[PDB]
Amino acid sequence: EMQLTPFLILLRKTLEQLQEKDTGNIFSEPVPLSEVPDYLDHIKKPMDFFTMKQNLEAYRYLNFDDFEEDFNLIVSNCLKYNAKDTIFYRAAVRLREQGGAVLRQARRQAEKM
């Protein structure tokens, strides 16, 4: 129960803050199946920040949970596909940690709306 426009502005800013935590930009775009042809064998719903931006603008995020669910998919897909001893797996752990703080603050701002 709030205005749509300020909420989407908040999600756009939050998405930007999450992208800033991904300093290697390993989650900015979909995982390239050209270089990872087996990626879809067990990853049933790939996700990335560019796709999240498309979903945001397509009005697919009308509450904080749905936005946060796709961010969590970025993290969980990466933990699932990659071995624990890789840079990619550790990057997903770090994103989960740093992104979670971004999300908790942004959700507190949405709840004031």
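We call the rigid core the largest set of C-alpha positions that still match within 1.5 Å between the two forms. In this text, residue numbers run from 1 along the sequence as written.
Take 28 to 36 and 75 to 83, fit the other structures onto the shown form by the rigid core, and average the C-alpha distances in 8 other deposited structures of this protein: the farther stretch is 28 to 36. Taking only CA atoms, the mean B-factor in the PDB entry is higher for 38 to 46 than for the other of 68 to 76 and 38 to 46. In this entry, 27 to 35 shows the higher mean Cα temperature factor of the pair 80 to 88 and 27 to 35. Ranked against the other modelled residues of its chain, the C-alpha B-factor of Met2 as given in the entry falls in the highest third. Among the modelled residues of its chain, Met113 has a C-alpha B-factor that falls in the highest third according to the deposited record.
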